[PDB]
Each structure stands twice: as C-alpha cells, then as structure tokens.
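> fold the following and give me the result.
(2 chains, ligands or ions: 2)
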2 protein chains.
Amino acid sequence: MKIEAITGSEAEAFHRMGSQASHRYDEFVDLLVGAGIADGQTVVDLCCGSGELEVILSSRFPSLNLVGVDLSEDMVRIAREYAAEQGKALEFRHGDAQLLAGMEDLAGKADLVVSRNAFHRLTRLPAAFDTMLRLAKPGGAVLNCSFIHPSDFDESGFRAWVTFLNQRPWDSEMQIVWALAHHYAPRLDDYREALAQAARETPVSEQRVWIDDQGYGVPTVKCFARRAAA
Amino acid sequence: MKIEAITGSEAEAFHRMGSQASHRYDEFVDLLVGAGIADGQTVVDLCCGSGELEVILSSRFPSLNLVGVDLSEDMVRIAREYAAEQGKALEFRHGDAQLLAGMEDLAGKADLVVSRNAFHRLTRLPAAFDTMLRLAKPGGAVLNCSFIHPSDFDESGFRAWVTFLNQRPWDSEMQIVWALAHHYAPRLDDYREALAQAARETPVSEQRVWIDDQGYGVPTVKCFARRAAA
Ligand SMILES: Nc1ncnc2c1ncn2[C@@H]1O[C@H](CSCC[C@H](N)C(=O)O)[C@@H](O)[C@H]1O
Ligand SMILES: Nc1ncnc2c1ncn2[C@@H]1O[C@H](CSCC[C@H](N)C(=O)O)[C@@H](O)[C@H]1O
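Residues are numbered from 1 along each chain as shown, chains lettered A, B, ... in the order given. Ligands and ions are numbered 1, 2, ... in the order given. Pasting the structure now:
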C-alpha cells in the first residue's frame, strides 16, 4: 500500500543504513550550499526522517537554527536519540509537511526550507510546496530533491536505477521500500505543476525544476524557488 | 540504444540461460494448448530467438510443421545448431516480423502464429500484428505474449518485477537486457490499438488483450485473435 510515513522496523532499518552512509547526503548538501546556506540561518527540514541531514548540517554550521519535521513518531524518536548519541542539541517535531499545523512559529521565518527523498511519498504535493513557501521568509529559498517515476528516466537513468537496486546488502526490507517509492513517485510534470500552484498563492521571484544525478546514484528531481521580496 | 535484434555475445548468453530454464516457457505453452495447438499443425514462431520453444513444442508434437523466424542472423545460427544438438529437424529463417518478406509461402497457411517475449522490442507493433493475421489461415489463431512497461504494473506486479530482477545468477549482461526491454516496452493501450489496427485490415472472429502472470514470474501482456473463417 502507498503509505506516507515510514514507521516501525522499516524506520529502524532506514536509520541503520542512513547513519552508516553519510556520503549519500553529499549531493543534497551541495545544493544547499548552492542555494546559499550559511551559519546562523533558520532552516526547516520537512520529512527529516532519522536526522542524518541535521547531524551533518549542524557539524558544518554549529549556529544554525535547525528544525526537523516528520510525520512518523518513530522517526522523531530515533532522530532525537541519534542527535543525542552524536552529542548535538537538535530540535525535531512531529508534523505533516502538507500542513502548517505545529509550525506556525516558523511561518515566514525560514531562510531555507528543504526536503530530501520524501516529497515523492506525499498524497498532496501542492500542499507541501504551499507549506514550504509559507515557512520561507521573504527572499528565503526552498529546495526539494526527491524521486521521479521511472517513466521519466532515459536509458542512462534507468541503468543507474537498476545498478542502485543491485547494491548489496540491503537492510531488512529497504530494497522494496526504495523501489516502491519509485513505483509510487510523481512524474516531472506533477512536480512542476505542484510548485507552480503553490507559487500562485505565495509569489516567487524565481522557480526552477529539473532532473539530474550529481552524486546520489540515480537521477532525482530538484525543485527550487525563491520567495519574492517584501 | 533501443535496438530490435539481439546479436553477438548477448545472443549467446540469452541461449545459455534459455536452454537451462525450460520451465520459463510453461505459461506460453499452456496458452498455445488453450489456443488449440495440436500435432500436425502449421505453426510460425515470430522472433523465435535461439529455438528453445521450437525444441519444446517439437518434443511434445513431433509432426508439427514448425518455422521459426528471427531478425538476428546470430540467433538463426544458434537456433539451427541447438535444434541439431537436440535431434530435432526444424526450420529457421532470417526475417522481420514487421514484414511478410521471406514468408510468402506461408501466407494464409498457419494454424497458429505465435511470438513470445519479443514484440516489446519492435518499432512498428501494428505491422507485426498485420503479419501475424496474414500468416494465419482463415480460422487460424494468433498469440503474442510479451513485456509491458512498468507503468502498467500495480504494486503486486512491481514487486514481482523486482523479485525477478533479484534472481541469481544472470548470465553476462542479461539482467540489464531484460530490464531495458521493460524500459522500452509498450503500454497496454499500445498493444490493444496495434492489434485492433491489424484486425481492421484482416477481419477477425475474436480479439482480446490482457495482462496477468500465470507462471513466467512477472505480469506480461497477452494478445489473442482468431482470423475470420473462410
Ligand atoms: N506528509 C509528511 N509529512 C512529514 N513527513 C513525511 C510525510 N510523508 C512522509 N514523511 C516522511 O518522509 C521520510 C522519507 S525518508 C527520507 C528521510 C530524510 N529526509 C532523508 O533524506 O534521509 C520518512 O521519515 C517519512 O516518515
Ligand atoms: N523485427 C523483428 N523480427 C524478428 N525477430 C525480432 C525482431 N526484433 C527482435 N527480434 C528478436 O526477438 C527476440 C527477443 S528474445 C525472445 C526469443 C524467444 N521468442 C523466446 O521466447 O525465448 C530476439 O531473438 C530478437 O533478435
């Protein structure tokens, strides 16, 4: 079944893989650097999972006002435990990326609103981008990088996808979780339309959606927008 | 690149796998039994590959008039060698499923015209079905079974597809050959319209296209028709 949150043994298996493969986050970190991330900024991570990105970002930028938000209570627990193990005082919240509920204090205050490998799981994609832009301060940036439906791969992308599937070993049932996340992923045009719809409500000075692979190992969609000036 | 014929080392690898996995042909043979295959009949196998099906059918029906046709001269060579090795007096021809050329002596004379795991590779699917119906005698049947684009899978179909990919060992580059054949495969609507187009030129008493998995291991499209009686 297509279910948004990752919970239970799957969430634990996800963390076991993620925490031991920090290099997989390199491409996303580079995009954040490209988007203009810097120490002291307020950054909101929607669908933060088990907090791998937060630990990475806080290490490079110790004065970041960083908050991770996830729909899974198991992921929020794990993230908090993980941050504590790493010796970091990071904030994680239970919440839905498709709603402002529980994030009203951050409304219009984020320098950077980000999401990695999650937006493909959502039921209401335009609602997620709406939340992104409303959390962003005027002049703030938003950046999603997530899975594309395999119909949008060219031959090279499809080959890379098969190669990724073939990696071994997978923890527990993480292979089919990864593969089904693609089966249920939106098309490029879905991402394009979702961001456009959100930008009509919250005006942007810039927006760009594209597909490439600059490190993760398979092509992924990137969605970037800059909220308009005040 | 999307290329119709399977040649060179890939053709050899295909045969090495095929000859040690006769069980994979069970679903297709059952369809032929359901279609009314019987000893002494004239049967044309379009895109016959290295002759695995021909040897299987010949063993079961020793007086079948079997002709296998393939675009790959390597497959034709291999098929003849394999037939000889297996002690079967079979005929193989170099030819194109999308044209009647080289099969003019068989026009309107086939009790059954069949093709397995090949039509997904073709450039002109309607031309292939046109050739099928023209080879069929009045009252004769045509049956294709081939790959569908993964977009047409439901979750169970997609899980089966991943499971098939996870099978070990694969010979040489056969995994990516099999996988890319799906990447480049037609949709269900493409198969349905192609057969319909052909049926408008060569009238049929019956016509049906469907997807299921009764043994091969992944869902495949079936395309069946019976040419109108004389
Ligand atoms: N509507 C929603 N709101 C918030 N989080 C969601 C969500 N739907 C799915 N998620 C979360 O998105 C995560 C996908 S896994 C990706 C985790 C993390 N961003 C990383 O890159 O490592 C899961 O933790 C899942 O619980
Ligand atoms: N236009 C065409 N005409 C005839 N054969 C073709 C063709 N395009 C591809 N082929 C052949 O289709 C085969 C696909 S492999 C499947 C082989 C066989 N039917 C089996 O079930 O085992 C290859 O041998 C390839 O050479």
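> just want the residue of chain A that's nearest ligand 1.
residue A:49 (2.5 Å; CB to the nearest ligand atom). (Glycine included, C-beta is placed from N, CA and C.)
> give the helix, strand or coil label for that residue.
Under the three-state scheme (DSSP: H, G, I helix; E, B strand; the rest coil), residue A:49 adopts coil.
> list the contacts for it?
For residue A:49, the contact set (CB atoms under 8 Å, 6 or more residues apart in numbering or on different chains) comprises A:6, A:14, A:15, A:18, A:68, A:70, A:72, A:75, A:79, A:118.
> same check on residue A:97?
With CB under 8 Å, 6+ apart, residue A:97 has these contacts: A:46, A:47, A:69, A:71, A:115, A:118, A:119, A:122, A:128, A:131.
> what's the closest non-adjacent residue to it?
residue A:46 (4.1 Å; CB to CB, 6 or more residues apart in numbering or on different chains).
> what's across from that neighbour in the sheet?
Beta-bridge partners recorded for residue A:46 (DSSP bridges): residue A:69.
> buried ones in the helix or strand hosting residue A:32?
According to DSSP states H and E, residue A:32 maps onto helix A:26-35. Judged by neighbour count using 16 or more other CB atoms under 10 Å in any protein chain shown, the buried positions of helix A:26-35 are A:27, A:28, A:29, A:31, A:32, A:35.
> what is that helix packed up against?
In terms of contacts (3 or more CB pairs under 8 Å, 6 or more residues apart in numbering or on different chains; DSSP states H and E), helix A:26-35 is packed against helix A:52-60, strand A:110-116, strand A:136-146, strand A:220-227.
> gap between residue A:85 and residue B:158?
36 Å (CB to CB, to the nearest Å).
> now find how far off-centre stretch A:184-197 is within its chain.
15 Å (CA atoms, centre = their mean, to the nearest Å).
> do any residues in it lie close to ligand 1?
No. Applying CB under 6 Å from any ligand atom, one finds stretch A:184-197 out of contact with ligand 1, separated by at least 11.5 Å.
> residue contacts, the residue of chain A found nearest ligand 2?
Ligand 2 sits closest to residue A:155 of chain A, with a gap of 17.4 Å, by CB to the nearest ligand atom. Counting by CB under 8 Å, 6+ apart, residue A:155 touches B:1, B:2, B:180, B:183.
> could you tell me which of these count as buried?
B:180, B:183.
> may I see the contacts of residue A:155 arranged in JSON lines, with distance to ligand 2 as well?
Output for the contacts of residue A:155, formatted as JSON lines (distance: CB to the nearest ligand atom, whole Å):
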{"residue": "B:1", "distance to ligand 2": "14"}
{"residue": "B:2", "distance to ligand 2": "11"}
{"residue": "B:180", "distance to ligand 2": "12"}
{"residue": "B:183", "distance to ligand 2": "15"}
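> restrict the contacts of residue A:155 to those near chain A?
Contacts with chain A are made by B:1, B:2, B:180, B:183 out of these, judged by CB under 8 Å from any CB of the partner chain.
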